[PDB]
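Worksheet for the structure shown next.
Read-outs: derived from the displayed coordinates by stated rules, not from any lab. Methodologically, a virtual Cβ is constructed for each residue, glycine included, from the backbone with ideal geometry; neighbour enumeration extends over all protein chains shown.
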Amino acid sequence: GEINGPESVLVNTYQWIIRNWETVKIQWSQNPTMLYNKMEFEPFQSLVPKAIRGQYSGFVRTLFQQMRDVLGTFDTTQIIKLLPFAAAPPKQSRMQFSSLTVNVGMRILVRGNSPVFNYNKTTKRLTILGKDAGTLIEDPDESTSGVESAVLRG
């Protein structure tokens, strides 16, 4: 874990999700509301501007509900990315956010990578604010995790 201030809170939150993913995925499937309410996410929530925390949470919880209803747990990187923004008490709105800001305002883009959140499909590792957060499991049938074939030449 990192210790530098707000940046560390962000890095460590995603590290925690990755380290606990095999539990988190099951809670997200079976009892997501409970998952969203874990005190684990309180520090992250404090990085989200107070005036918009609730709106972001309404957006992400709704998106997750719609996601889960039609797709289930397919999208690991996206579930991990958005999960901490579900932590605040939700305030529902009709606003569709393309990005979500944290105070470190830096933007996490909803689709795809950003300076803040950068998943690489070749190494299968997540990078947050230029720091390693760990290895993601996109395919739950995979035995070997991490870097793809044909990366190291020899």
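A few points about this structure:
- Compared with the direct C-alpha span, the chain from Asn4 to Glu40 gains 11.2 nm at full extension, assuming 0.36 nm per residue.
- For region 67-92 and region 8-54, distance of Cα centres in Å: 10 Å
- Over 23 Å [Cα-Cα, region 2-102], rounded percent: 20 percent
- Dipole-positive endmost among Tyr119, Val147, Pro6 within the chain (Cβ charges, Cα centre): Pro6
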